[PDB]
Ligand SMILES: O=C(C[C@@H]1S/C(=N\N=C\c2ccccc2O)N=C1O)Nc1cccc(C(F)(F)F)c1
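Okay, here we've got a single chain as structure tokens, the form deposited without the ligand, with questions on binding and movement later.
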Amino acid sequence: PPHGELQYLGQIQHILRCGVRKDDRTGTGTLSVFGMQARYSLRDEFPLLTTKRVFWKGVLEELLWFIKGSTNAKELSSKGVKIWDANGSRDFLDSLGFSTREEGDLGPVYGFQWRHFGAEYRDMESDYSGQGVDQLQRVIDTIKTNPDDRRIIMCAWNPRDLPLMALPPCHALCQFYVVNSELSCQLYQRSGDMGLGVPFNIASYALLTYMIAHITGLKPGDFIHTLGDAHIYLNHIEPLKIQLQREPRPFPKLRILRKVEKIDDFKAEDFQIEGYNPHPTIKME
């Protein structure tokens, strides 16, 4: 069977071959395709891309932060992961017109939507217990009680809350599916920077599937990634061509180190990537 990575690499090649030039919200330029889909086996392997190092600690730490329901960049920052720090800075907030906001306050982005969808956002320090729909606990409950259900969805796209967020979500929704004791997940990603974002994003949702599989006693099945605007920044086309020469090495395995009963009880040291041997690290703006 071909390496799972060839799916991502063949997406890159497709956008180079067939993507069209499209300007962007910043002004750097992209090659773009609309509508793509790839399937990554989660069976006895973990699709952490090998042809360039993926920031695994960021993936895991960010996901734990979502699961907590945090909308405070500082709480992620204190764990050594700075990827949301800019969006919560004083200048950034002011330039969205959020001048009365405390620094760190991303507004109602993924952690809030996942744990408290539909509640009124107040600030990042407010008490939201028992408010809004806990979609993440809902998905886990349905998987255990009704695995056949075709409505196992967690949605982060909330039109009312869109103007309040520091950044509109890229991961608009995901869906879970159970057959034959195997849990699968499909992510609808509205916009994917193929060089810098997508490898990270594939890791997050594969990891979210391993976690829910572990707690519901199921085996990980497939991760299906669906893209809206799939794009390569003009200034990555060269770096990417470097990457396309590299032979994928076999994906690592993901080990969960103890038996965990509730999604909230997971911690970073619960997880060990085994046998990750990626190619030479490649920097990208």
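In case it trips you up, residue 1 is the first one in the sequence shown, and so on. C-alpha atoms forming the largest set that superposes within 1.5 Å between two forms make up the rigid core.
Coordinates lacking for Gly88, a third or more of other entries | It is, since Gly88 is left out of at least a third of the other entries that model both flanking stretches.
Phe98 unmodelled in at least a third of other compared entries | yes, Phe98 frequently unmodelled elsewhere, at least a third of entries.
Stretch with the greater mean C-alpha B-factor as recorded in the entry, comparing 245 to 253 against 31 to 39 | 245 to 253 has the higher mean C-alpha B-factor.
Is the mean CA B factor in the deposited entry higher across 234 to 242 or across 221 to 229?
-> The stretch with the larger average C-alpha B-factor is 234 to 242.
Once the chain's modelled residues are ordered by C-alpha B factor and cut into thirds, is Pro108 in the lowest, middle or highest one?
-> For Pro108, the deposited C-alpha B-factor lands in the lowest third.
Would you please rank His214 by its C-alpha temperature factor against the other modelled residues of its chain and give the third it falls in: lowest, middle or highest?
-> Middle third, going by the recorded CA B-factors of the chain.
Relative to the other modelled residues of the same chain, rank the CA B-factor of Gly118 and answer lowest, middle or highest third.
-> Middle third by C-alpha B-factor.
Can you work out whether the C-alpha temperature factor of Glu125 puts it in the lowest, middle or highest third of the chain?
-> Highest third - that is where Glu125 ends up once the chain's C-alpha B-factors are sorted.
Assigned third (lowest, middle, highest) for the C-alpha B factor of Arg160 | Highest third - that is where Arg160 ends up once the chain's C-alpha B-factors are sorted.
Not pictured, yet referred to below: the form solved in complex with the ligand.
Following C-alpha superposition of the binding-site region, is the pocket for the ligand, modelled as it is in the entry with it bound, open or blocked, where blocked requires 3 or more ligand atoms within 2.4 Å of any backbone or C-beta atom?
-> Blocked, since after superposition 3 or more atoms of the placed ligand lie within 2.4 Å of the backbone or C-beta atoms.
Of the residues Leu136, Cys174, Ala213, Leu76, which one places a heavy atom within 4.5 Å of the ligand in the entry with it bound?
-> Among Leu136, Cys174, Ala213, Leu76, a heavy atom within 4.5 Å of the ligand in the entry with it bound occurs only for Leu76.
Among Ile256, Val54, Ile224, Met36, which has any heavy atom within 4.5 Å of the ligand in the entry with it bound?
-> Here the answer is residue option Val54.
With the partner removed from view, which of 38 to 46, 244 to 252, 213 to 221, 54 to 62 is the stretch that lies within 4.5 Å of the ligand in the entry with it bound, judged by heavy atom distances?
-> Of the options given, it is 54 to 62.
Although the ligand is absent from this view, report whether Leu196 comes within 4.5 Å of it in the entry with it bound, heavy atoms only.
-> Yes - in the entry with it bound, heavy atoms of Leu196 and the ligand come within 4.5 Å of each other.
With heavy atoms only and a cut-off of 4.5 Å, decide whether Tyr128 touches the ligand in the entry with it bound.
-> Because no heavy atom of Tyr128 falls inside 4.5 Å of the ligand in the entry with it bound, the answer is no.
Within a 4.5 Å heavy atom cut-off, is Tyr188 in contact with the ligand in the entry with it bound?
-> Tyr188 lies outside the contact set for the ligand.
Using a 4.5 Å heavy atom cut-off, state whether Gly111 contacts the ligand in the entry with it bound.
-> Residue-level check for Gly111: no, no contact with the ligand.
Note that the ligand is not shown here; using its position in the entry with it bound, name the residues of 232 to 255 with a heavy atom within 4.5 Å of it, in sequence order.
-> Contacting residues: none.
Superpose on the rigid core, then report which one of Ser184, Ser204, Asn158, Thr142 has a CA displacement of at least 2 angstroms between this form and the one not shown.
-> With the rigid core superposed, the residue that stands out is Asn158.
With both forms fit on the core, has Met194 moved 2 Å or more by CA between this form and the one not shown?
-> The answer is no, as the C-alpha of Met194 shifts between this form and the one not shown by less than 2 Å after core alignment.
Core-superposed comparison between this form and the one not shown, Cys170 Cα displacement 2 Å or beyond = Yes: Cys170 shifts by at least 2 Å between this form and the one not shown.
If you line up the core, does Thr26 shift 2 angstroms or more at its C-alpha between this form and the one not shown?
-> The answer is yes; the displacement is at least 2 Å.
Using the form shown as baseline, tell whether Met194 and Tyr110 are closer or farther in Cα-Cα distance in the entry with it bound, where the change reaches 3 Å or more.
-> Closer together, by at least 3 Å.
CA-CA separation of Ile15 and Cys170, closer or farther in the entry with it bound than in the form shown [shift of 3 angstroms or more] = Relative to this form, farther apart in the entry with it bound.
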